[PDB]
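Enquirer: Before I ask anything, let me first share the structure, which is written out below as structure tokens.
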Amino acid sequence: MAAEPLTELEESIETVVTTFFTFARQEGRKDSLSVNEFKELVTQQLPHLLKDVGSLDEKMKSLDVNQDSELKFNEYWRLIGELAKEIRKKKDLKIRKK
Amino acid sequence: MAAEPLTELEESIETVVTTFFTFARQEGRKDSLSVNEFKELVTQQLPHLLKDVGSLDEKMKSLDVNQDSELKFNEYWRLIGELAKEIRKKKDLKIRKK
Amino acid sequence: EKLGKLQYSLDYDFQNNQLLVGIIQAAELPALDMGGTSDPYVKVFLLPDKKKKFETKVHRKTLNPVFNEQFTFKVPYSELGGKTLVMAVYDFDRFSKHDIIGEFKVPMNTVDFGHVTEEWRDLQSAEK
Amino acid sequence: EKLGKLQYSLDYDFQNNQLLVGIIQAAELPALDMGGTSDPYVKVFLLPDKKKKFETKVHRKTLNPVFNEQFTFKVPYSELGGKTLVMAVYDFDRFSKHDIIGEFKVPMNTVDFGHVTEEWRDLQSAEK
């Protein structure tokens with residue numbers, strides 16, 4: 001029937017893309033994440049994995065390789081990469097935990 | 001060790017970790033992706049997303065920067081990062097950085 | 001094993017005493033190179049005879065190459081009985097080290113040369 | 001109350017009429033930012049005087065900052081009798097409502113400006 005499920009990974013990427021697309025259409029250019037859009041994502045649906053709302057630009061300027069204030073699909077995915085790392089690495093120096 | 005209930009984004013990136021723990025437990029250690037498990041992973045779970053299921057040895061060598069034939073919980077995630085861009089790019093990669 | 005299908009037409013030549021191997025094309029080829037477009041070409045291989053070897057044209061980024069290359073099976077048709085030929089397809093992205101995806105074999109000893117041998121031979125994978 | 005120890009050296013200037021507050025380093029600082037770390041930056045405050053307010057560089061992710069910032073205690077030596085400087089260390093985890101993890105105060109009326117006041121004052125966690 002209609003609405004048939006896809007492969008595990010295909011379903012997983014569809015979910016994140018859906019959330020990515022909804023936030024990539026807040027300011028403009030539904031494909032990239034602007035300053036407010038990028039911050040709106042973390043300061044709403046990600047206050048646990050990464051607790052930082054005061055130095056968001058610190059992340060943007062460390063992920064954007066072109067520095068145009070608009071995190072493209074590739075640049076935005078860079079956040080997800082480090083996010084998945086921060087769940088296993090965290091602060092492997094003093095305290096990590098989960 | 002293990003994680004407790006998280007949010008949408010956190011669980012969306014955790015679900016891929018579950019796949020890892022189930023695949024990386026055939027050869028040895030549930031925290032290291034071996035060679036057989038890697039081959040059975042791409043030639044079963046990622047045969048469509050990943051167009052290369054033959055030159056896996058090339059991928060393995062490019063991911064395992066340790067060259068010890070042990071994809072730890074870090075180098076293995078690089079594969080997920082590559083297949084993630086395989087939906088936007090196709091041959092616009094590889095290059096050579098020394 | 002599955003490698004697709006290969007269409008070809010074989011004919012014999014008694015003026016030079018050899019078999020004219022004319023392949024039309026190969027379809028349903030598996031993916032090897034990134035992007036889903038490998039660079040496969042066919043390389044003729046023989047049994048201990050090894051009195052023949054030819055490399056075809058490299059067909060880059062295609063799982064359905066149509067060139068119709070010609071191979072000269074330099075060997076008396078009288079020796080076709082003890083002459084088993086095999087056709088292996090190799091891909092080369094010019095970066096990764098991979099092997100032959102598949103190949104097909106045909107015992108000439110069981111194939112008479114009355115006129116021509118045209119058929120849609122099945123292609124099967126053959127890990128080396 | 002415990003916040004560690006602060007090594008500092010105070011000297012007086014008679015040309016601009018102020019006290020040079022130069023801190024060397026602070027150790028044993030408590031953690032605030034999740035992961036056993038903190039972003040402790042000392043900011044000097046005063047009583048009703050309020051003729052001075054300087055914040056040091058944000059020492060992100062550290063438990064022992066070594067910068068040796070210079071604070072200009074803009075107040076005539078003649079007004080040191082009724083002037084008590086307080087050094088409060090603030091955190092900057094950049095998420096939670098980070099506050100004063102500790103502070104220290106010294107009555108300049110008791111302290112003489114004969115030469116230099118170099119010592120290792122103990123810090124206390126005087127929460128607000």
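Chain labels follow the order of the structure tokens: the first chain is A, the next B, and so on; residue numbering restarts at 1 in every chain, and ligands are counted from 1 in their shown order.
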Residues of chain B near chain C: apply a cut-off of 7 Å, count only C-alpha atoms, and supply the list as a VMD selection string.
Expert: chain B and resid 51 to 55 58 90 to 91
Enquirer: Could you dump the residues just selected with N, CA, C and O atoms as an mmCIF file, in the first residue's frame?
Expert:
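Below you can see again26.cif, which holds the result:
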data_model
loop_
_atom_site.group_PDB
_atom_site.id
_atom_site.type_symbol
_atom_site.label_atom_id
_atom_site.label_comp_id
_atom_site.auth_asym_id
_atom_site.auth_seq_id
_atom_site.Cartn_x
_atom_site.Cartn_y
_atom_site.Cartn_z
ATOM 1 N N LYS B 51 27.521 3.241 -3.383
ATOM 2 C CA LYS B 51 27.628 2.622 -4.697
ATOM 3 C C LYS B 51 28.848 1.718 -4.804
ATOM 4 O O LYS B 51 28.976 0.953 -5.760
ATOM 5 N N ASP B 52 29.734 1.796 -3.827
ATOM 6 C CA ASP B 52 30.932 0.972 -3.841
ATOM 7 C C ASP B 52 30.882 -0.093 -2.761
ATOM 8 O O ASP B 52 30.959 0.202 -1.567
ATOM 9 N N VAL B 53 30.734 -1.331 -3.196
ATOM 10 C CA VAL B 53 30.704 -2.470 -2.296
ATOM 11 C C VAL B 53 31.775 -3.465 -2.719
ATOM 12 O O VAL B 53 31.797 -4.617 -2.277
ATOM 13 N N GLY B 54 32.671 -2.997 -3.579
ATOM 14 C CA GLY B 54 33.740 -3.835 -4.072
ATOM 15 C C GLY B 54 35.097 -3.328 -3.644
ATOM 16 O O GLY B 54 35.967 -4.106 -3.253
ATOM 17 N N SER B 55 35.273 -2.016 -3.695
ATOM 18 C CA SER B 55 36.523 -1.394 -3.300
ATOM 19 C C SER B 55 36.440 -0.976 -1.835
ATOM 20 O O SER B 55 37.008 0.040 -1.426
ATOM 21 N N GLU B 58 39.442 -0.027 -0.032
ATOM 22 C CA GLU B 58 39.917 1.338 -0.207
ATOM 23 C C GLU B 58 39.290 2.221 0.859
ATOM 24 O O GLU B 58 39.970 3.014 1.506
ATOM 25 N N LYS B 90 28.405 12.946 -5.835
ATOM 26 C CA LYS B 90 28.503 11.628 -6.459
ATOM 27 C C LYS B 90 29.959 11.231 -6.712
ATOM 28 O O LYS B 90 30.385 10.136 -6.345
ATOM 29 N N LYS B 91 30.722 12.117 -7.340
ATOM 30 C CA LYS B 91 32.127 11.846 -7.627
ATOM 31 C C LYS B 91 32.958 13.081 -7.301
ATOM 32 O O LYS B 91 34.158 13.153 -7.589
#
Enquirer: Please tabulate, as a tab-separated table, the residues of chain A that come within 8 Å of chain B, each with its closest pair of atoms and the distance in Å to one decimal, counting only C-alpha atoms and ordering rows by chain, then residue number upward.
Expert:
residue	atom	partner	partner_atom	distance
A:7	CA	B:45	CA	8.0
A:9	CA	B:16	CA	7.2
A:12	CA	B:12	CA	6.0
A:15	CA	B:12	CA	7.2
A:16	CA	B:9	CA	6.8
A:45	CA	B:7	CA	7.1
A:46	CA	B:9	CA	7.3
A:49	CA	B:10	CA	7.3
A:74	CA	B:85	CA	7.4
A:81	CA	B:81	CA	7.1
A:84	CA	B:13	CA	6.3
A:85	CA	B:74	CA	7.6
A:98	CA	B:3	CA	6.1
Enquirer: How would the residues just chosen look if you wrote them out with C-alpha atoms as a short mmCIF file (atom, residue, chain, number, x, y, z; two decimals), in the first residue's frame?
Expert:
data_model
loop_
_atom_site.label_atom_id
_atom_site.label_comp_id
_atom_site.auth_asym_id
_atom_site.auth_seq_id
_atom_site.Cartn_x
_atom_site.Cartn_y
_atom_site.Cartn_z
CA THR A 7 15.49 1.17 4.71
CA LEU A 9 19.17 4.52 7.37
CA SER A 12 16.80 8.10 9.74
CA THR A 15 13.74 12.50 9.77
CA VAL A 16 16.73 14.82 10.25
CA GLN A 45 15.51 21.00 20.15
CA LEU A 46 19.09 20.54 21.39
CA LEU A 49 23.73 17.29 23.85
CA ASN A 74 27.17 20.33 3.88
CA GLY A 81 28.86 15.04 12.88
CA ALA A 84 27.25 12.44 17.32
CA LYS A 85 30.82 12.69 18.54
CA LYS A 98 26.02 10.61 29.28
#
Enquirer: All C-alpha atoms, paired in order, least-squares superposition of chain D on chain C: what RMSD does that give?
Expert: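 Once chain D is fitted onto chain C, the C-alpha RMSD works out to 0.5 Å.
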Enquirer: If we count only C-alpha atoms and set the cut-off at 12 Å, which residues sit around residue 57 of chain A, ignoring sequence neighbours fewer than 6 positions away in its own chain? Please answer as a PyMOL selection string.
Expert: (chain A and resi 34-36+38-39+42+63-64+67+69-71) or (chain D and resi 94)
Enquirer: Could you state the separation of atom CA of residue 83 of chain D and atom CA of residue 117 of chain D in Å, given to one decimal place?
Expert: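 Between these atoms lies a distance of 15.9 Å.
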Enquirer: Since chain B and chain A share a sequence, can you fit the second onto the first over all C-alpha atoms in order and output it as a tab-separated table (two decimals) with N, CA and C atoms, in the first residue's frame?
Expert:
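Generated output (superposed24.tsv):
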chain	number	residue	atom	x	y	z
A	1	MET	N	7.00	9.20	31.79
A	1	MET	CA	6.97	7.73	31.81
A	1	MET	C	8.31	7.18	31.33
A	2	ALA	N	8.46	5.86	31.34
A	2	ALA	CA	9.69	5.23	30.91
A	2	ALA	C	9.88	5.37	29.40
A	3	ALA	N	11.12	5.17	28.95
A	3	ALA	CA	11.47	5.27	27.54
A	3	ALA	C	11.26	6.69	27.03
A	4	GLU	N	11.74	7.66	27.80
A	4	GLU	CA	11.61	9.06	27.43
A	4	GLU	C	12.67	9.42	26.38
A	5	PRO	N	12.30	10.26	25.40
A	5	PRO	CA	13.22	10.68	24.33
A	5	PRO	C	14.27	11.67	24.82
A	6	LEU	N	15.46	11.57	24.25
A	6	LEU	CA	16.57	12.45	24.61
A	6	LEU	C	16.68	13.58	23.60
A	7	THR	N	17.79	14.31	23.63
A	7	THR	CA	18.00	15.40	22.71
A	7	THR	C	18.21	14.86	21.29
A	8	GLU	N	17.85	15.67	20.30
A	8	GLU	CA	17.97	15.31	18.88
A	8	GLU	C	19.29	14.59	18.57
A	9	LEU	N	20.41	15.25	18.81
A	9	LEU	CA	21.72	14.67	18.53
A	9	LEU	C	21.98	13.40	19.34
A	10	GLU	N	21.48	13.36	20.57
A	10	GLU	CA	21.66	12.19	21.43
A	10	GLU	C	20.94	10.99	20.82
A	11	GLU	N	19.79	11.25	20.21
A	11	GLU	CA	19.00	10.21	19.58
A	11	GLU	C	19.71	9.72	18.31
A	12	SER	N	20.26	10.67	17.56
A	12	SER	CA	20.96	10.36	16.31
A	12	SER	C	22.19	9.48	16.55
A	13	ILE	N	22.97	9.80	17.58
A	13	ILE	CA	24.17	9.03	17.89
A	13	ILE	C	23.81	7.65	18.42
A	14	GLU	N	22.68	7.55	19.11
A	14	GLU	CA	22.23	6.28	19.66
A	14	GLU	C	21.89	5.30	18.54
A	15	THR	N	21.27	5.82	17.49
A	15	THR	CA	20.89	5.01	16.34
A	15	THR	C	22.11	4.39	15.66
A	16	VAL	N	23.07	5.24	15.27
A	16	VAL	CA	24.27	4.75	14.59
A	16	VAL	C	25.08	3.81	15.49
A	17	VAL	N	25.12	4.10	16.79
A	17	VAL	CA	25.85	3.26	17.73
A	17	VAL	C	25.22	1.87	17.80
A	18	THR	N	23.89	1.82	17.73
A	18	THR	CA	23.18	0.55	17.78
A	18	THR	C	23.53	-0.31	16.56
A	19	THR	N	23.57	0.31	15.39
A	19	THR	CA	23.91	-0.41	14.16
A	19	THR	C	25.39	-0.79	14.17
A	20	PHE	N	26.21	0.08	14.76
A	20	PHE	CA	27.64	-0.16	14.86
A	20	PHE	C	27.92	-1.34	15.79
A	21	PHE	N	27.19	-1.39	16.90
A	21	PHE	CA	27.38	-2.45	17.89
A	21	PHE	C	26.92	-3.81	17.37
A	22	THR	N	25.86	-3.83	16.57
A	22	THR	CA	25.33	-5.09	16.05
A	22	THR	C	26.31	-5.73	15.06
A	23	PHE	N	27.07	-4.91	14.36
A	23	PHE	CA	28.04	-5.40	13.39
A	23	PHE	C	29.40	-5.63	14.04
A	24	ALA	N	29.62	-5.02	15.20
A	24	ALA	CA	30.89	-5.16	15.91
A	24	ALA	C	30.90	-6.42	16.77
A	25	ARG	N	29.85	-7.22	16.64
A	25	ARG	CA	29.74	-8.46	17.38
A	25	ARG	C	29.46	-9.61	16.42
A	26	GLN	N	30.08	-9.55	15.25
A	26	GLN	CA	29.90	-10.59	14.25
A	26	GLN	C	31.06	-11.56	14.30
A	27	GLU	N	32.27	-11.02	14.36
A	27	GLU	CA	33.46	-11.84	14.42
A	27	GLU	C	33.95	-11.95	15.86
A	28	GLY	N	34.21	-10.81	16.49
A	28	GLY	CA	34.67	-10.81	17.86
A	28	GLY	C	35.12	-9.44	18.31
A	29	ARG	N	35.22	-9.27	19.63
A	29	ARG	CA	35.63	-8.01	20.24
A	29	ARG	C	34.63	-6.90	19.94
A	30	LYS	N	33.46	-6.99	20.58
A	30	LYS	CA	32.38	-6.02	20.41
A	30	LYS	C	32.82	-4.62	20.87
A	31	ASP	N	33.46	-3.91	19.95
A	31	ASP	CA	33.97	-2.56	20.18
A	31	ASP	C	34.73	-2.12	18.94
A	32	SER	N	35.21	-3.11	18.20
A	32	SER	CA	35.96	-2.86	16.98
A	32	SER	C	35.31	-3.61	15.81
A	33	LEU	N	35.57	-3.13	14.61
A	33	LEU	CA	35.03	-3.74	13.40
A	33	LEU	C	36.12	-4.49	12.65
A	34	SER	N	36.00	-5.81	12.60
A	34	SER	CA	36.97	-6.65	11.90
A	34	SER	C	36.78	-6.52	10.39
A	35	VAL	N	37.61	-7.22	9.62
A	35	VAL	CA	37.55	-7.17	8.16
A	35	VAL	C	36.16	-7.51	7.63
A	36	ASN	N	35.65	-8.68	7.99
A	36	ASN	CA	34.33	-9.11	7.52
A	36	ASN	C	33.23	-8.20	8.04
A	37	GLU	N	33.33	-7.81	9.30
A	37	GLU	CA	32.32	-6.96	9.92
A	37	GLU	C	32.23	-5.60	9.22
A	38	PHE	N	33.39	-5.01	8.93
A	38	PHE	CA	33.45	-3.72	8.26
A	38	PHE	C	32.84	-3.80	6.87
A	39	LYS	N	33.15	-4.87	6.15
A	39	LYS	CA	32.63	-5.07	4.80
A	39	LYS	C	31.15	-5.43	4.83
A	40	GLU	N	30.74	-6.18	5.84
A	40	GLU	CA	29.35	-6.60	6.00
A	40	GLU	C	28.44	-5.39	6.18
A	41	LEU	N	28.97	-4.34	6.77
A	41	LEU	CA	28.22	-3.12	7.01
A	41	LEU	C	27.90	-2.40	5.69
A	42	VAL	N	28.94	-2.08	4.93
A	42	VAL	CA	28.76	-1.38	3.66
A	42	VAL	C	28.04	-2.23	2.62
A	43	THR	N	28.46	-3.48	2.48
A	43	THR	CA	27.86	-4.39	1.52
A	43	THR	C	26.52	-4.93	2.03
A	44	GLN	N	25.69	-4.04	2.55
A	44	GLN	CA	24.39	-4.43	3.07
A	44	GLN	C	23.51	-3.22	3.30
A	45	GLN	N	23.98	-2.30	4.15
A	45	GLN	CA	23.19	-1.11	4.48
A	45	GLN	C	23.79	0.17	3.92
A	46	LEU	N	24.70	0.07	2.96
A	46	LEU	CA	25.30	1.27	2.38
A	46	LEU	C	25.77	1.04	0.94
A	47	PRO	N	24.87	0.63	0.03
A	47	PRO	CA	25.21	0.40	-1.36
A	47	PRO	C	24.82	1.58	-2.25
A	48	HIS	N	24.56	2.73	-1.62
A	48	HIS	CA	24.13	3.92	-2.34
A	48	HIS	C	25.13	5.07	-2.18
A	49	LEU	N	25.41	5.45	-0.93
A	49	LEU	CA	26.34	6.54	-0.65
A	49	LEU	C	27.73	6.23	-1.21
A	50	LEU	N	28.20	5.02	-0.95
A	50	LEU	CA	29.49	4.57	-1.43
A	50	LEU	C	29.33	3.24	-2.15
A	51	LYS	N	29.52	3.24	-3.45
A	51	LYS	CA	29.37	2.03	-4.23
A	51	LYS	C	30.72	1.38	-4.50
A	52	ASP	N	31.18	0.57	-3.55
A	52	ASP	CA	32.45	-0.13	-3.68
A	52	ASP	C	32.42	-1.42	-2.88
A	53	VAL	N	32.45	-2.54	-3.59
A	53	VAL	CA	32.43	-3.85	-2.96
A	53	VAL	C	33.63	-4.68	-3.41
A	54	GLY	N	34.42	-4.11	-4.30
A	54	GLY	CA	35.58	-4.81	-4.82
A	54	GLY	C	36.88	-4.36	-4.18
A	55	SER	N	36.92	-3.14	-3.69
A	55	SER	CA	38.12	-2.62	-3.06
A	55	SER	C	37.80	-2.05	-1.68
A	56	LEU	N	37.27	-2.91	-0.82
A	56	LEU	CA	36.92	-2.52	0.54
A	56	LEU	C	38.19	-2.29	1.36
A	57	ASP	N	39.20	-3.11	1.09
A	57	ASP	CA	40.48	-3.00	1.80
A	57	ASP	C	41.13	-1.65	1.52
A	58	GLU	N	40.78	-1.06	0.38
A	58	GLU	CA	41.30	0.25	0.00
A	58	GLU	C	40.86	1.30	1.02
A	59	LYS	N	39.67	1.10	1.58
A	59	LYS	CA	39.14	2.03	2.57
A	59	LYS	C	39.72	1.72	3.95
A	60	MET	N	39.75	0.44	4.29
A	60	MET	CA	40.27	-0.01	5.58
A	60	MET	C	41.70	0.49	5.80
A	61	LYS	N	42.56	0.29	4.81
A	61	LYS	CA	43.96	0.70	4.91
A	61	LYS	C	44.12	2.21	4.85
A	62	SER	N	43.03	2.92	4.60
A	62	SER	CA	43.06	4.37	4.53
A	62	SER	C	42.38	4.99	5.75
A	63	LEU	N	41.76	4.15	6.58
A	63	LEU	CA	41.08	4.62	7.77
A	63	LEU	C	41.80	4.15	9.02
A	64	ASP	N	42.28	2.91	8.99
A	64	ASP	CA	43.00	2.34	10.12
A	64	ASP	C	44.38	2.97	10.21
A	65	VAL	N	44.68	3.55	11.36
A	65	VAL	CA	45.96	4.21	11.59
A	65	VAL	C	46.95	3.28	12.28
A	66	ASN	N	46.47	2.13	12.73
A	66	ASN	CA	47.32	1.17	13.42
A	66	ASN	C	47.53	-0.08	12.57
A	67	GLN	N	46.60	-0.31	11.65
A	67	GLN	CA	46.63	-1.44	10.73
A	67	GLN	C	46.72	-2.77	11.46
A	68	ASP	N	45.65	-3.13	12.17
A	68	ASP	CA	45.61	-4.40	12.90
A	68	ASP	C	44.40	-5.21	12.46
A	69	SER	N	43.75	-4.74	11.39
A	69	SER	CA	42.58	-5.40	10.80
A	69	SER	C	41.33	-5.24	11.66
A	70	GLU	N	41.38	-4.37	12.65
A	70	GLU	CA	40.24	-4.15	13.52
A	70	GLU	C	40.00	-2.66	13.73
A	71	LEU	N	39.04	-2.12	13.00
A	71	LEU	CA	38.70	-0.71	13.08
A	71	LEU	C	38.08	-0.40	14.44
A	72	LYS	N	38.79	0.35	15.27
A	72	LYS	CA	38.29	0.71	16.59
A	72	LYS	C	37.18	1.75	16.46
A	73	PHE	N	36.53	2.06	17.58
A	73	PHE	CA	35.43	3.04	17.60
A	73	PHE	C	35.81	4.33	16.87
A	74	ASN	N	37.00	4.85	17.16
A	74	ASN	CA	37.48	6.08	16.54
A	74	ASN	C	37.73	5.90	15.05
A	75	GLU	N	38.42	4.81	14.70
A	75	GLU	CA	38.75	4.52	13.31
A	75	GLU	C	37.49	4.23	12.49
A	76	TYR	N	36.50	3.60	13.11
A	76	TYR	CA	35.25	3.28	12.43
A	76	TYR	C	34.46	4.56	12.16
A	77	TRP	N	34.48	5.47	13.13
A	77	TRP	CA	33.77	6.74	13.00
A	77	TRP	C	34.34	7.56	11.85
A	78	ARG	N	35.61	7.30	11.51
A	78	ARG	CA	36.26	8.01	10.42
A	78	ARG	C	35.51	7.77	9.11
A	79	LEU	N	34.94	6.58	8.98
A	79	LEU	CA	34.18	6.22	7.80
A	79	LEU	C	32.94	7.11	7.70
A	80	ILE	N	32.25	7.25	8.82
A	80	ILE	CA	31.04	8.06	8.89
A	80	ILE	C	31.34	9.51	8.50
A	81	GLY	N	32.51	9.99	8.91
A	81	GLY	CA	32.91	11.35	8.59
A	81	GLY	C	33.01	11.58	7.10
A	82	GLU	N	33.72	10.69	6.42
A	82	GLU	CA	33.89	10.79	4.98
A	82	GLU	C	32.57	10.51	4.26
A	83	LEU	N	31.73	9.67	4.87
A	83	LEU	CA	30.43	9.34	4.31
A	83	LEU	C	29.57	10.59	4.21
A	84	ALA	N	29.53	11.34	5.30
A	84	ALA	CA	28.76	12.57	5.37
A	84	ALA	C	29.31	13.60	4.39
A	85	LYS	N	30.59	13.47	4.08
A	85	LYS	CA	31.24	14.36	3.15
A	85	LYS	C	30.92	13.96	1.72
A	86	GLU	N	30.84	12.65	1.50
A	86	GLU	CA	30.56	12.10	0.18
A	86	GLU	C	29.14	12.39	-0.29
A	87	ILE	N	28.29	12.89	0.61
A	87	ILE	CA	26.92	13.21	0.24
A	87	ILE	C	26.81	14.65	-0.27
A	88	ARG	N	27.83	15.45	0.01
A	88	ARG	CA	27.85	16.84	-0.41
A	88	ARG	C	28.98	17.09	-1.42
A	89	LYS	N	30.06	16.34	-1.27
A	89	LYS	CA	31.22	16.48	-2.15
A	89	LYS	C	31.13	15.50	-3.32
A	90	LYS	N	30.96	14.22	-3.00
A	90	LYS	CA	30.89	13.16	-4.01
A	90	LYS	C	32.12	13.23	-4.91
A	91	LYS	N	31.93	13.54	-6.19
A	91	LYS	CA	33.03	13.65	-7.11
A	91	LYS	C	33.03	15.04	-7.72
A	92	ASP	N	33.42	16.02	-6.92
A	92	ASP	CA	33.44	17.41	-7.36
A	92	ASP	C	34.58	17.65	-8.34
A	93	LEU	N	34.41	17.12	-9.54
A	93	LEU	CA	35.39	17.25	-10.60
A	93	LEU	C	34.67	17.09	-11.93
A	94	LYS	N	33.81	16.09	-12.00
A	94	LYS	CA	33.04	15.82	-13.20
A	94	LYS	C	31.55	15.80	-12.89
A	95	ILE	N	31.10	14.75	-12.21
A	95	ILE	CA	29.70	14.61	-11.85
A	95	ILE	C	29.54	14.36	-10.36
A	96	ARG	N	28.63	15.10	-9.73
A	96	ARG	CA	28.37	14.95	-8.31
A	96	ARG	C	26.98	14.39	-8.08
A	97	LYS	N	25.97	15.24	-8.27
A	97	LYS	CA	24.57	14.87	-8.10
A	97	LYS	C	24.27	14.45	-6.67
A	98	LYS	N	23.14	13.80	-6.48
A	98	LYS	CA	22.73	13.33	-5.16
A	98	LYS	C	22.08	11.95	-5.28
Enquirer: Among chain B, which ones does DSSP place in helix (DSSP H, G or I), written as a PyMOL selection string?
Expert: chain B and resi 8-23+35-42+56-63+77-85
Enquirer: Determine, counting only C-alpha atoms, which protein, DNA and RNA residues have an atom within 9 Å of an atom of residue 45 of chain C; residues of the same chain fewer than 3 positions away are not included. Present the result as a list in words.
Expert: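 Final neighbour list, sorted by chain and number: residues 50, 52, 53, 54, 85, 86, 87 and 88 of chain C.
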Enquirer: Skipping near chain neighbours, those fewer than 5 positions away, what residues fall within 9 Å of residue 109 of chain D using only C-alpha atoms, listed as a VMD selection string?
Expert: chain D and resid 79 to 84
Enquirer: Generate the output file for the selected residues, N, CA, C and O atoms, as an mmCIF file, in the first residue's frame.
Expert:
data_model
loop_
_atom_site.group_PDB
_atom_site.id
_atom_site.type_symbol
_atom_site.label_atom_id
_atom_site.label_comp_id
_atom_site.auth_asym_id
_atom_site.auth_seq_id
_atom_site.Cartn_x
_atom_site.Cartn_y
_atom_site.Cartn_z
ATOM 1 N N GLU D 79 41.853 58.484 49.421
ATOM 2 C CA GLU D 79 40.528 57.900 49.542
ATOM 3 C C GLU D 79 40.611 56.391 49.735
ATOM 4 O O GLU D 79 39.616 55.683 49.595
ATOM 5 N N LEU D 80 41.797 55.901 50.061
ATOM 6 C CA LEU D 80 41.992 54.471 50.270
ATOM 7 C C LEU D 80 41.514 54.066 51.665
ATOM 8 O O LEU D 80 41.306 52.886 51.948
ATOM 9 N N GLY D 81 41.310 55.064 52.522
ATOM 10 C CA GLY D 81 40.849 54.808 53.872
ATOM 11 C C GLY D 81 39.413 54.328 53.904
ATOM 12 O O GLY D 81 39.046 53.482 54.719
ATOM 13 N N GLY D 82 38.597 54.859 53.010
ATOM 14 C CA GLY D 82 37.207 54.465 52.951
ATOM 15 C C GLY D 82 36.888 53.743 51.664
ATOM 16 O O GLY D 82 35.808 53.918 51.094
ATOM 17 N N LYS D 83 37.830 52.932 51.200
ATOM 18 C CA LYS D 83 37.651 52.188 49.966
ATOM 19 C C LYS D 83 38.065 50.729 50.141
ATOM 20 O O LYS D 83 39.194 50.432 50.529
ATOM 21 N N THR D 84 37.134 49.832 49.870
ATOM 22 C CA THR D 84 37.381 48.402 49.964
ATOM 23 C C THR D 84 37.072 47.747 48.623
ATOM 24 O O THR D 84 35.920 47.737 48.185
#
Enquirer: Taking the backbone alone, and naming residues the way the document does, which bits of chain D are strand (DSSP E or B) by DSSP, as a ChimeraX atom specification?
Expert: /D:4-13,18-27,33,37,41-45,54-55,70-74,84-90,100-107,116-124
Enquirer: What's the separation between atom CA of residue 39 of chain C and atom CA of residue 1 of chain C, in Å to one decimal place?
Expert: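 Atom-to-atom, atom CA of residue 39 of chain C to atom CA of residue 1 of chain C, that is 20.2 Å.
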Enquirer: Find the residue from D:106, D:29, D:66, D:46 that sits nearest to residue 4 of chain D; use only C-alpha atoms when measuring.
Expert: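 Closest to residue 4 of chain D of all the choices is D:29.
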Enquirer: Provide the atom CA of residue 107 of chain C to atom CA of residue 62 of chain C distance in Å, to one decimal place.
Expert: 28.9 Å
